[PDB]
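Spelled out from the first residue to the last, the chains are:
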Amino acid sequence: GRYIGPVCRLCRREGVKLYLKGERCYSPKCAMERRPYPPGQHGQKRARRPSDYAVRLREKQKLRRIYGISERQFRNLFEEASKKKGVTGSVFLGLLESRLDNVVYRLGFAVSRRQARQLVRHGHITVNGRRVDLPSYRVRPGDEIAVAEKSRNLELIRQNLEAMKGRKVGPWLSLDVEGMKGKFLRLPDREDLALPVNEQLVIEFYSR
Amino acid sequence: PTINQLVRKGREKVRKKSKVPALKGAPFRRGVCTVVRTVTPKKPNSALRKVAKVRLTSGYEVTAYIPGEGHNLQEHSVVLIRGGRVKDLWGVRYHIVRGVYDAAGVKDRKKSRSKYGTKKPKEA
Amino acid sequence: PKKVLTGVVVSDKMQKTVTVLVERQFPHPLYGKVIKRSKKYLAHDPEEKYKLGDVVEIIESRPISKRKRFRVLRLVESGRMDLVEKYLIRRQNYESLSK
Amino acid sequence: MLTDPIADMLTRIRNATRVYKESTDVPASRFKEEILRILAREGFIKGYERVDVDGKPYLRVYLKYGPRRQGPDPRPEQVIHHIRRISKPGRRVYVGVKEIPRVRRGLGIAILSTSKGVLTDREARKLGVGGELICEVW
Amino acid sequence: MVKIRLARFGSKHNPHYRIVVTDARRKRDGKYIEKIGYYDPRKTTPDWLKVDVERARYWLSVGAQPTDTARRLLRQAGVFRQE
RNA sequence: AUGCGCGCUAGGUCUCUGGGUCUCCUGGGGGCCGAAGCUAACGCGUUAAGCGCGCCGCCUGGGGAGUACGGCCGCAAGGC
RNA sequence: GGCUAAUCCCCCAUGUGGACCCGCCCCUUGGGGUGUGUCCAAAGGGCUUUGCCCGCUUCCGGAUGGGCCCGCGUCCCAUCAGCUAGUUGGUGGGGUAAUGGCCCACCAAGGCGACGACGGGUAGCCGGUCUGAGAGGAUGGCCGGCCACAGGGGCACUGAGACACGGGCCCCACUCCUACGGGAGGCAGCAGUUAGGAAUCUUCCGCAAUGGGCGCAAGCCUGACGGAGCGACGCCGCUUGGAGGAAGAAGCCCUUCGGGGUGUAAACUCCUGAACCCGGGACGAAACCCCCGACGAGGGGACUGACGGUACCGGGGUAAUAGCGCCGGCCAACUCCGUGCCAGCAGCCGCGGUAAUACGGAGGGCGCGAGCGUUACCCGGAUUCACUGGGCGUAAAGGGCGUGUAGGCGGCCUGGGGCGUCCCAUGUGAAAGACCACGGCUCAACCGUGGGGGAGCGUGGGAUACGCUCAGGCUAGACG
Ligand SMILES: [Mg+2]
Ligand SMILES: [Mg+2]
Ligand SMILES: [Mg+2]
Ligand SMILES: [Mg+2]
Ligand SMILES: [Mg+2]
Ligand SMILES: [Mg+2]
Ligand SMILES: [Mg+2]
Ligand SMILES: [Mg+2]
Ligand SMILES: [Mg+2]
Ligand SMILES: [Mg+2]
Ligand SMILES: [Mg+2]
Ligand SMILES: [Mg+2]
Ligand SMILES: [Mg+2]
Ligand SMILES: [Mg+2]
Ligand SMILES: [Mg+2]
Ligand SMILES: [Mg+2]
Ligand SMILES: [Mg+2]
Ligand SMILES: [Mg+2]
Ligand SMILES: [Mg+2]
Ligand SMILES: [Mg+2]
Ligand SMILES: [Mg+2]
Ligand SMILES: [Mg+2]
Ligand SMILES: [Mg+2]
Ligand SMILES: [Mg+2]
Ligand SMILES: [Mg+2]
Ligand SMILES: [Mg+2]
Ligand SMILES: [Mg+2]
Ligand SMILES: [Mg+2]
Ligand SMILES: [Mg+2]
Ligand SMILES: [Mg+2]
Ligand SMILES: [Mg+2]
Ligand SMILES: [Mg+2]
Ligand SMILES: [Mg+2]
Ligand SMILES: [Mg+2]
Ligand SMILES: [Mg+2]
Ligand SMILES: [Mg+2]
Ligand SMILES: [Mg+2]
Ligand SMILES: [Mg+2]
Ligand SMILES: [Mg+2]
Ligand SMILES: [Mg+2]
Ligand SMILES: [Mg+2]
Ligand SMILES: [Mg+2]
Ligand SMILES: [Mg+2]
Ligand SMILES: [Mg+2]
Ligand SMILES: [Mg+2]
Ligand SMILES: [Mg+2]
Ligand SMILES: [Mg+2]
Ligand SMILES: [Mg+2]
Ligand SMILES: [Mg+2]
Ligand SMILES: [Mg+2]
Ligand SMILES: [Mg+2]
Ligand SMILES: [Mg+2]
Ligand SMILES: [Mg+2]
Ligand SMILES: [Mg+2]
Ligand SMILES: [Mg+2]
Ligand SMILES: [Mg+2]
Ligand SMILES: [Mg+2]
Ligand SMILES: [Mg+2]
Ligand SMILES: [Mg+2]
Ligand SMILES: [Mg+2]
Ligand SMILES: [Mg+2]
Ligand SMILES: [Mg+2]
Ligand SMILES: [Mg+2]
Ligand SMILES: [Mg+2]
Ligand SMILES: [Mg+2]
Ligand SMILES: [Mg+2]
Ligand SMILES: [Mg+2]
Ligand SMILES: [Mg+2]
Ligand SMILES: [Mg+2]
Ligand SMILES: [Mg+2]
Ligand SMILES: [Mg+2]
Ligand SMILES: [Mg+2]
Ligand SMILES: [Mg+2]
Ligand SMILES: [Mg+2]
Ligand SMILES: [Mg+2]
Ligand SMILES: [Mg+2]
Ligand SMILES: [Mg+2]
Ligand SMILES: [Mg+2]
Ligand SMILES: [Mg+2]
Ligand SMILES: [Mg+2]
Ligand SMILES: [Mg+2]
Ligand SMILES: [Mg+2]
Ligand SMILES: [Mg+2]
Ligand SMILES: [Mg+2]
Ligand SMILES: [Mg+2]
Ligand SMILES: [Mg+2]
Ligand SMILES: [Mg+2]
Ligand SMILES: [Mg+2]
Ligand SMILES: [Mg+2]
Ligand SMILES: [Mg+2]
Ligand SMILES: [Mg+2]
Ligand SMILES: [Mg+2]
Ligand SMILES: [Mg+2]
Ligand SMILES: [Mg+2]
Ligand SMILES: [Mg+2]
Ligand SMILES: [Mg+2]
Ligand SMILES: [Mg+2]
Ligand SMILES: [Mg+2]
Ligand SMILES: [Mg+2]
Ligand SMILES: [Mg+2]
Ligand SMILES: [Mg+2]
Ligand SMILES: [Mg+2]
Ligand SMILES: [Mg+2]
Ligand SMILES: [Mg+2]
Ligand SMILES: [Mg+2]
Ligand SMILES: [Mg+2]
Ligand SMILES: [Mg+2]
Ligand SMILES: [Mg+2]
Ligand SMILES: [Mg+2]
Ligand SMILES: [Mg+2]
Ligand SMILES: [Mg+2]
Ligand SMILES: [Mg+2]
Ligand SMILES: [Mg+2]
Ligand SMILES: [Mg+2]
Ligand SMILES: [Mg+2]
Ligand SMILES: [Mg+2]
Ligand SMILES: [Mg+2]
Ligand SMILES: [Mg+2]
Ligand SMILES: [Mg+2]
Ligand SMILES: [Mg+2]
Ligand SMILES: [Mg+2]
Ligand SMILES: [Mg+2]
Ligand SMILES: [Mg+2]
Ligand SMILES: [Mg+2]
Ligand SMILES: [Mg+2]
Ligand SMILES: [Mg+2]
Ligand SMILES: [Mg+2]
Ligand SMILES: [Mg+2]
Ligand SMILES: [Mg+2]
Ligand SMILES: [Mg+2]
Ligand SMILES: [Mg+2]
Ligand SMILES: [Mg+2]
Ligand SMILES: [Mg+2]
Ligand SMILES: [Mg+2]
Ligand SMILES: [Mg+2]
Ligand SMILES: [Mg+2]
Ligand SMILES: [Mg+2]
Ligand SMILES: [Mg+2]
Ligand SMILES: [Mg+2]
Ligand SMILES: [Mg+2]
Ligand SMILES: [Mg+2]
Ligand SMILES: [Mg+2]
Ligand SMILES: [Mg+2]
Ligand SMILES: [Mg+2]
Ligand SMILES: [Mg+2]
Ligand SMILES: [Mg+2]
Ligand SMILES: [Mg+2]
Ligand SMILES: [Mg+2]
Ligand SMILES: [Mg+2]
Ligand SMILES: [Mg+2]
Ligand SMILES: [Mg+2]
Ligand SMILES: [Mg+2]
Ligand SMILES: [Mg+2]
Ligand SMILES: [Mg+2]
Ligand SMILES: [Mg+2]
Ligand SMILES: [Mg+2]
Ligand SMILES: [Mg+2]
Ligand SMILES: [Mg+2]
Ligand SMILES: [Mg+2]
Ligand SMILES: [Mg+2]
Ligand SMILES: [Mg+2]
Ligand SMILES: [Mg+2]
Ligand SMILES: [Mg+2]
Ligand SMILES: [Mg+2]
Ligand SMILES: [Zn+2]
């Protein structure tokens, strides 16, 4: 159970907008609209200078909450990237960017990531023609990620896609809105995504 | 040391002695209380600390601490020894695990409940 | 290959047998230098031909006695008693080191 | 008797240069000549000459250093910043080719004696041989 | 005597065998003389049988005995074919 | 409270004992200041505590304890 | 005590050949050939019955599995320093598949040890595993290889193989039966019981698969095994919802009484549809066998599931578990109240003697999350046994001083050798694991296929600077 509960609170503690609610994280309600201070009794108090540890921990939490991942999946992913050839930070982001649910979000099929997850687990998504109900599932370049033929007239789906008419998608992605399909073209680099994250801080955090 | 000296004598690997003979290498030992009493602590503090003399399954008699606020232990109650010592006490090398055997848990404790062995209460 | 080594004959004293001292060198697995170690092989001299001080090649063979798995191959150097006297000296040093 | 002649050379050089002496004499051996020749070729000394002190052969090593500097302590950057023995008698060290050190990230050298002669770590690798690791310089 | 037979390398309900020359008295799954082929009964990939008929015919020449199933697979690779 | 041997690294000054064309120079010892350098500092510095090599001895928190036990010395006291 | 068959035992023959003494030849430890002499063979059964099969006997190879021997590696204590009588060798012999004091007789006086013998302590070893940047430390459950044991101690018999776990004999301890003479056992096989313990499972299903024994087969046996069950023990996957929703309800907490907080969190709206119900429903299984062909090759045919109606697919379908540690510093997270050296905390530093972020509750927060903590233990940090990678004037640490034994170390040039060193080739370094890649279960875990690497040791070849050795010079050390 990767974190389930009040969210715009994490937006707040991380000090930046993470967009966990989709639209309305786009409204003037995000609570980063006039409560940009963290949650709790002490949120409005002058904040002491963070320890090196603090800084690093917090950056990592930012990244994780962005993807909505267990710690354990996140660690395993990182380590799996530290093993791989190529810059660890970037590989990591690439691997995170490769979760099916994330691909579904990224393709506009779902509004937020948590929603994308639900869409996957419920089997409204196919990958190359077969249903994949695992959110963790790794999309590989070349993969065609589609809305289920059966889920195609779902209210949430129709609205979500008529949204994406005229919208531009990730430059590592292809989209066909008529067909409710999209292709994962290539792994993204750190410039491809806008993340409010210095990944090198995360490498350091796990380096302790 | 010269290298030749190392080839002759070598370097001495140094062993550590166990802070705990609960023997067995075991994580806990069962025992029976012998004396259940109170004791005054070492030079910097004052209190009345609650302890039991325990006769272990492991053949040893040892003094164990009885953590938490209330306690039910008396001369014949059988108990579990978990090890870890009490610093400002004389010769108390192990703690009693509460909730196990004739040790009750700590009544009314709401806070770190698994230390102290008390169940989660219900709410209203 | 039946293993074959070289040593010097330090013991005359048996019947059709010779004690052959064999040195060997090798690097030390940790401290890295070369160390020199040695052991006495009991070797088969049926002819009673090889004498003390002879530096001989020695060979892996069919077992002769307990302790004799090696027989004398050939003589290489003759009469290095410097070796023998070294070893005898050690054995005399033994008489110290006790009680 | 010097117990290690080769070290005595390396050190003669060390102290020599650490006072900025212009040259220094070391009792001559063909091997020392070789080591020297490597340094010279590598830009570490200026060069050396075979010479005669009281009728005994020495090799005279002429040392180089950097420019003069500013602020307090004008003394010049050494050109041999660091020079040390690796193999010594009484612990002999031999690397095979795959075990040949790279030094100071390539900016330094190691001098190995090999059955192909005395060569720099790069030299030895290119020659594809190993041997007794004599010293490192940088 | 010496056998040509199957040894179980899969996982639970995922059986994959090694076609193997071994002494008869070994554990089924234990140390053998050679791996001649592989066998995947559940035919989960394009190659679910490899043989290497050359070594198979060797071992037959020195009188290894294939088991019944071993020999089926062996012959499937035409180790025994004369033409 | 500084194991032995060897090689290398400014000087100044006082001394003991040789040799030399005897302001002084050149050996071998004893002192004091001091270059570089070392050092936690104090200090050491061609009589190293500097730079290096060889070899020996030794160290691994305090107390318990140079104790106990064992062995070996010793007439004993006591020693190792 | 009596009868009787055989592929049971024996006798005579045949002697392909083989064994043994002796001689010669080749080869070189007992390898191969040859000559005379002596000795040694067999077993029948089935049929689709004049031939084919399943067998038998002797011999030579092969393959596979073993025995024995050797180099090297293999924990702690020297407060264990000497050990040794079959002990060390020799000759002859006994024994064995075979070498061997393995055993015996006779002879000799040896063998081993500070390069740690002897003694004591501990311990199955390994592939590997854990940890570490590495070097190193620690470890050897599961899987694979080896060894050893089968209540304790001895012993042999049968046999290709045992000194045999469900074989035999004896002694011992224990249980059981007994008519007191005497008998019967041996789960460290699967399950299960009991004891011990902090603690470790079902007296399950199946012979369908793979494997094993016997059988020409059909088959039979197989707690090997393939499966299922229980345990959050591990690992991996996944759920407890998704979107909207106030300038932001109640409650609660804090409050400078203005307000701040839990917080879009709830309520509520819409949507999806774990669970669950229905229908379909596997792969793993094609052989052996039968038929043609020739019992071959080849072709054709049939049977066969424990898992299990399981996985999986289709339909329907409900908003559907959250907990545990922590918030003085190390260390991410602060306030109120209670308590007043008490009660309690505590890994160290240290908190509590009326203003306690350190006790106890609450509000709030940080961290992980079907877990979270604790205890024990290993590596880590610990460059705190320092090979990498420490030191000894005053911090722990130079022996009171010498002499020299072993041992370590060795100036300049030349030549031979090529042992150390280095190089090339090759052999070995099983599989599993680790690594990379592709692949198979919807992913992963798990699994398969391929690839790479590699210390060490064996063999052949090569180099010669350095180390050694031999030879020959020199004088800068040393001595005279
Ligand atoms: Mg990386
Ligand atoms: Mg977008
Ligand atoms: Mg791209
Ligand atoms: Mg974004
Ligand atoms: Mg940025
Ligand atoms: Mg790390
Ligand atoms: Mg670390
Ligand atoms: Mg106090
Ligand atoms: Mg009671
Ligand atoms: Mg503890
Ligand atoms: Mg607490
Ligand atoms: Mg003799
Ligand atoms: Mg004999
Ligand atoms: Mg011979
Ligand atoms: Mg003696
Ligand atoms: Mg002594
Ligand atoms: Mg090598
Ligand atoms: Mg076997
Ligand atoms: Mg497939
Ligand atoms: Mg095929
Ligand atoms: Mg054929
Ligand atoms: Mg000068
Ligand atoms: Mg004068
Ligand atoms: Mg003087
Ligand atoms: Mg001074
Ligand atoms: Mg100075
Ligand atoms: Mg120093
Ligand atoms: Mg200073
Ligand atoms: Mg001088
Ligand atoms: Mg002076
Ligand atoms: Mg002096
Ligand atoms: Mg000196
Ligand atoms: Mg010092
Ligand atoms: Mg220490
Ligand atoms: Mg102490
Ligand atoms: Mg005393
Ligand atoms: Mg004692
Ligand atoms: Mg005494
Ligand atoms: Mg004494
Ligand atoms: Mg006495
Ligand atoms: Mg005294
Ligand atoms: Mg009868
Ligand atoms: Mg009758
Ligand atoms: Mg006959
Ligand atoms: Mg004949
Ligand atoms: Mg014979
Ligand atoms: Mg017969
Ligand atoms: Mg007959
Ligand atoms: Mg064999
Ligand atoms: Mg005897
Ligand atoms: Mg005789
Ligand atoms: Mg004999
Ligand atoms: Mg016998
Ligand atoms: Mg036998
Ligand atoms: Mg006899
Ligand atoms: Mg006798
Ligand atoms: Mg030895
Ligand atoms: Mg024992
Ligand atoms: Mg044991
Ligand atoms: Mg051990
Ligand atoms: Mg270490
Ligand atoms: Mg290792
Ligand atoms: Mg071990
Ligand atoms: Mg076990
Ligand atoms: Mg088992
Ligand atoms: Mg095993
Ligand atoms: Mg036994
Ligand atoms: Mg038993
Ligand atoms: Mg017993
Ligand atoms: Mg027995
Ligand atoms: Mg038999
Ligand atoms: Mg046995
Ligand atoms: Mg049994
Ligand atoms: Mg049996
Ligand atoms: Mg009896
Ligand atoms: Mg009974
Ligand atoms: Mg029974
Ligand atoms: Mg019996
Ligand atoms: Mg059992
Ligand atoms: Mg019990
Ligand atoms: Mg089980
Ligand atoms: Mg059954
Ligand atoms: Mg079967
Ligand atoms: Mg079968
Ligand atoms: Mg059969
Ligand atoms: Mg039939
Ligand atoms: Mg029948
Ligand atoms: Mg049965
Ligand atoms: Mg099983
Ligand atoms: Mg349980
Ligand atoms: Mg439980
Ligand atoms: Mg899990
Ligand atoms: Mg709406
Ligand atoms: Mg709206
Ligand atoms: Mg509000
Ligand atoms: Mg409110
Ligand atoms: Mg209120
Ligand atoms: Mg105010
Ligand atoms: Mg309010
Ligand atoms: Mg919500
Ligand atoms: Mg509404
Ligand atoms: Mg549906
Ligand atoms: Mg509905
Ligand atoms: Mg159903
Ligand atoms: Mg089937
Ligand atoms: Mg089929
Ligand atoms: Mg059958
Ligand atoms: Mg037919
Ligand atoms: Mg026919
Ligand atoms: Mg037929
Ligand atoms: Mg056929
Ligand atoms: Mg067929
Ligand atoms: Mg069924
Ligand atoms: Mg069925
Ligand atoms: Mg259907
Ligand atoms: Mg369905
Ligand atoms: Mg709900
Ligand atoms: Mg809802
Ligand atoms: Mg929570
Ligand atoms: Mg503090
Ligand atoms: Mg932490
Ligand atoms: Mg803090
Ligand atoms: Mg009170
Ligand atoms: Mg009060
Ligand atoms: Mg207070
Ligand atoms: Mg106070
Ligand atoms: Mg508090
Ligand atoms: Mg605390
Ligand atoms: Mg508290
Ligand atoms: Mg709370
Ligand atoms: Mg909470
Ligand atoms: Mg745990
Ligand atoms: Mg452990
Ligand atoms: Mg530790
Ligand atoms: Mg380290
Ligand atoms: Mg320590
Ligand atoms: Mg230290
Ligand atoms: Mg060191
Ligand atoms: Mg130190
Ligand atoms: Mg020193
Ligand atoms: Mg002083
Ligand atoms: Mg001191
Ligand atoms: Mg002294
Ligand atoms: Mg001396
Ligand atoms: Mg000497
Ligand atoms: Mg010499
Ligand atoms: Mg030399
Ligand atoms: Mg020498
Ligand atoms: Mg030469
Ligand atoms: Mg060579
Ligand atoms: Mg070559
Ligand atoms: Mg190779
Ligand atoms: Mg091999
Ligand atoms: Mg190799
Ligand atoms: Mg391998
Ligand atoms: Mg794997
Ligand atoms: Mg690797
Ligand atoms: Mg895949
Ligand atoms: Mg490797
Ligand atoms: Mg290896
Ligand atoms: Mg060679
Ligand atoms: Mg040559
Ligand atoms: Mg000479
Ligand atoms: Mg002369
Ligand atoms: Zn937000």
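Residues numbered from 1 in each chain as written, not as in the entry; some residues may be left out. Chains lettered and ligands numbered in written order. Part of a larger assembly, values for the part shown. Heavy atoms only, no water.

Per the PDB record, this model was obtained through X-ray crystallography at a reported resolution of 3.50 Å.

Draft legend 1. Local environment of the overall build of chain B. Secondary structure summary: chain B contains one helix and five strands in total. Listing the helices and strands of chain B from first to last along the sequence gives α-β-β-β-β-β. Against the 2.2 N^0.38 benchmark of 14 Å for 124 residues, chain B shows a C-alpha radius of gyration of 20 Å, more extended than a compact globule. For chain B, the proportion of its 124 residues judged to be buried stands at 31%. (Helix = DSSP H or I, 4+ residues; strand = E, 2+ residues; numbered from the N terminus. Rg over C-alpha atoms; globule rule 2.2 N^0.38 Å. Buried < 20%, exposed > 50% of the residue type's maximum accessible area, 1.4 Å probe, protein only.)

Draft legend 2. Focus on the UniProt feature "binding site: Mg(2+) 3" (unreviewed entry) in chain B. Under the feature "binding site: Mg(2+) 3" (unreviewed entry), the UniProt entry names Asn45 of chain B. One can find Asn45 of chain B in the loop between β1 (29-39) and β2 (49-56). (UniProt positions renumbered as here; feature names shortened; annotations may be inferred.)

Draft legend 3. Main features of the protein's contact with RNA strand G. Taken together, 216 residues form the shell around RNA strand G, and within it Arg9, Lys29 and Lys150 of chain A together with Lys16 and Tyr94 of chain C come nearest. In the interface set of RNA strand G, defined as its atoms within 4 Å of the protein, sugar plus phosphate atoms amount to 79%. A distance of 2.8 Å is found between a sugar or linking oxygen of RNA strand G and a side-chain nitrogen or oxygen belonging to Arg13 of chain A. The separation between a phosphate oxygen of RNA strand G and a polar side-chain atom of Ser11 of chain C is 2.7 Å. In terms of residue count, the dominant contributor to the surface near RNA strand G is helix α2 (residues 52-67) of chain A (eight residues). For the surface near RNA strand G, the per-class residue count stands at 64 nonpolar, 59 polar and 93 charged. (Near = heavy atom within 4 Å. Polar contact = N/O pair within 3.5 Å; in protein donor to acceptor, adjacent residues only side chain to side chain. Nonpolar A, V, L, I, M, F, W, Y, C, P; charged D, E, K, R; others polar.)

Draft legend 4. Broad picture of the pairing of strand β3 (residues 144-147) of chain A. All names here are of chain A. The sheet contact formed by strand β1 (residues 125-127) and β3 spans three bridges and is antiparallel. Paired with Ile125 across the two strands is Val147, which belongs to β3. Direction of pairing for β3 relative to strand β5 (residues 181-184): antiparallel, over a ladder of three bridges. Within β5, the residue paired with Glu144 across the bridge is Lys183. (Pairing = 2+ DSSP bridges.)

Draft legend 5. Inspection of the interface of chain C and chain B at higher detail. Contact with chain C, which involves four residues of that partner, is made by six residues of chain B. Each partner contributes to the roughly 450 Å² buried at the junction of chain C and chain B, and carbon and sulfur atoms together form 74% of this total. On the chain C side of the interface with chain B, the three residues burying the most area are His28, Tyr31 and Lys33 of chain C, jointly 91% of the side's total. For the pair chain C and chain B, the interface holds zero salt bridges. If you look at where chain C meets chain B, you find zero residue pairs in polar contact. Its residues placed into classes, the side of chain C that touches chain B shows two nonpolar, one polar and one charged. (Contact = heavy atoms within 4.5 Å. Buried area = accessible area lost by both parts, 1.4 Å probe. Salt bridge = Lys/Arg side-chain N within 4 Å of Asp/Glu carboxyl O.)

Draft legend 6. Summary view of the pattern of salt bridges. A full pass over the atoms with the stated rule returns 42 salt bridges over all chains. The closest approach of N and O atoms between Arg56 of chain A and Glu204 of chain A, which form a salt bridge, is 2.7 Å. Placement of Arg56 of chain A in helix α2 and of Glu204 of chain A in helix α8 (residues 199-205) is noted, with a sequence separation of 148 residues between them. Accessibility expressed as a relative area gives 22% for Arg56 of chain A, which makes it partly exposed. With a relative accessible area of 34%, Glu204 of chain A lands in the partly exposed category. Linking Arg85 of chain D and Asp4 of chain D is a salt bridge whose minimum nitrogen-to-oxygen distance equals 2.1 Å. With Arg85 of chain D in strand β4 (residues 83-85) and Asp4 of chain D in the segment before α1 (5-18), this residue pair connects regions lying 81 residues apart in the sequence.

Draft legend 7. Structural context of the side chain of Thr63 of chain B. Residue and element names in this part refer to chain B. Its place among the elements puts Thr63 in strand β3 (residues 61-65). A relative accessible area of 16% means that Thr63 is categorised as buried. Apart from residues lying up to four places away in sequence, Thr63 is in contact with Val51, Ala52, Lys53, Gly91, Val92, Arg93 and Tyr94.

Draft legend 8. Structural view of the sheet that holds strand β1 (residues 2-8) of chain E. All names here are of chain E. Here five strands make up an open sheet; going across it, the order is β4-β3-β2-β1-β5 and the pairing mixed. Looking at strand neighbours, the two that pair on one side only are β4 (49-50) and β5 (65-66), the edges of this open sheet. Across five bridges, strand β2 (residues 17-23) lies against strand β3 (residues 34-39) in antiparallel orientation. Each bridged residue has a counterpart across the sheet, and for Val20 the counterpart in β3 is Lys35. Packing of helix α1 (residues 53-61) onto the sheet brings it into contact with β1, β2, β3 and β5, and relative to β3 it is tilted by some 125°. Contacting β1, β2, β3, β4 and β5, helix α2 (residues 68-76) runs over the sheet at an angle of about 90° to β1. (Axes fitted to C-alpha atoms, helices over the stretch in contact; angles between N-to-C directions.)

Draft legend 9. Quick look at the protein's contact with RNA strand F. Residues in close proximity to RNA strand F total 25 residues, the closest being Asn4 and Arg8 of chain B together with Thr3, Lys88 and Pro89 of chain D. Close to the protein, within 4 Å, the atoms of RNA strand F are drawn from sugar and phosphate at a rate of 82%. Within the side chain of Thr3 of chain D, an N or O atom sits 2.6 Å from a sugar or linking oxygen of RNA strand F. Residue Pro89 of chain D places a main-chain N or O atom 2.7 Å away from a phosphate oxygen belonging to RNA strand F. Of all the secondary-structure elements, those providing two or more residues to the surface near RNA strand F are α1 (3-8) of chain B together with α1 of chain D. At seven residues, the largest contribution of residues to the surface near RNA strand F is made by α1 of chain D. Residues of the surface near RNA strand F, tallied by class, amount to five nonpolar, seven polar and 13 charged.

Draft legend 10. Examining the layout of surface pockets more closely. All names here are of chain A. Roughly 860 Å³ of internal volume is contained in the largest pocket. Lining of the largest pocket is provided by 29 residues; of these, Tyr26, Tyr105, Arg106, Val111 and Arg167 occupy positions nearest its centre. Taken together, the elements giving at least two residues each to the lining of the largest pocket come down to α5 (100-106) and α7 (155-164). Counting residues per element, the lining of the largest pocket draws most heavily on α7, at four residues. Residues belonging to the lining of the largest pocket are distributed by class as follows: 17 nonpolar, five polar and seven charged. Of the voids in this model, the second largest pocket is the one considered here, and its volume is about 380 Å³. Those elements that provide at least two residues to the lining of the second largest pocket are α2, α5 and α6 (113-121). Ranked by the residues each element gives to the lining of the second largest pocket, the list is headed by α6, at six residues. By residue class, the composition of the lining of the second largest pocket is eight nonpolar, five polar and nine charged. (1 Å grid on protein atoms, 1.4 Å probe; cavity = no way out; pocket = protein on both sides within 12 Å on 5 of 7 lines; lining within 4 Å. Points joined across faces, edges and corners; volume = space filled by probe spheres on them.)

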